[PDB]
């Protein structure tokens, strides 16, 4: 199984998950600083990202890890609150700029291509206090931050992700309220946030296109989470339609407007409008894009950035009583096949990624695809000789080769989540996704390879597997 010459082999981190230095060098608070400091068991053992992997202090150690893997690409994110403590360019933290410039320069001198994310679940607290993604004001704040990032780093950075996993963010932060600001708004908050996230992405893309592209010649996208979905009963038409409709709801809701025509999928619009009307709302809970907005949003992605971990089965579930929520709007229930293995919510279903990549090829006119996340967690404490986990990786890579060679999918980058064991949001340090083990009890935060790191380096070196 030889991959295309020039295939990108990457690993990923995110600012709040690895950096620490949460209040170092003038850095402003982000929503996770506030959230984790409030405790109340919203996070495993009230843990925080105050220190995390200490990557703000120990970049050199991450670089060693990157070099040892032989990565061709490295995905990391910029901390908005580190660069602009209040969210705005009224005050620019030069130490923040110097830090990210050092990363970029170090990567490039070692032949590693940076894949840089502007924003990864970590809004400056000030901007959340002004309504976060539920308010229209954030669109301009994000655009200006994007312009600042392009101007500062765009002479060396050519692959950009504007917003990490916008679909999950809208649900977790604003619908379920599992993430900060932590207020549930079942069936309203997610859609209101999604509408603004899509517009802010589009605004930032046009800023890049109109102001930076001619000079810088890079490309810009946003990353999206995708769970592959199959009908629970394969002979049930209602289950067959429900599985397709649930893909449309979680993935195409964002991808269609941005990649196709600047509007939501029709089934999303009709389901939500119809439910909202019977529920007694004067408007659909899904905010409409104006005609000017559709025109702005259409064609605002230079490649398809997707994130895959798992698959689920889907059964139709009629919302007879008009219950409020996204699952109820979609009229679906999800669950795994009892025969599947799992580690946490990650049920190991490798053929899920092949099916997904085929779906993207067929639905989004054969785009360039970067898989910016894929991986497997281990429970803490985790064995260094992680042979079982590595087996799940190998199986996944066989499916990637299959998608490329059989389905002719234009997959160009595979990126493992994560380079490092890190702060796994509400799970804290109890869920270990890293190719490198990190000791969170030792003040030096030493990195040590898992077997997966060694085996993944072999894959990269051979540009494939047997």
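Numbering follows the first chain given and starts at 1.
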query: Segment of higher mean CA temperature factor, 7 to 15 or 21 to 29; finding: 21 to 29
query: Between the two ranges 73 to 81 and 294 to 302, the one averaging a larger CA B factor in the entry; finding: 294 to 302
query: Top residue by Cα temperature factor, when 141, 192, 342, 207 are compared in the entry; finding: 342
query: Most elevated Cα B-factor in the entry, residues 374, 167, 88, 387; finding: 387
query: Chain thirds of CA B-factor: placement of residue 241; finding: highest
query: Third of chain Cα B-factors occupied by residue 61; finding: middle
query: Residue 145 by Cα B-factor - lowest, middle or highest third of the modelled chain; finding: lowest
query: Residue 48 by Cα B-factor - lowest, middle or highest third of the modelled chain; finding: middle
query: Third of the chain, ranked by Cα B-factor, where residue 401 sits; finding: highest
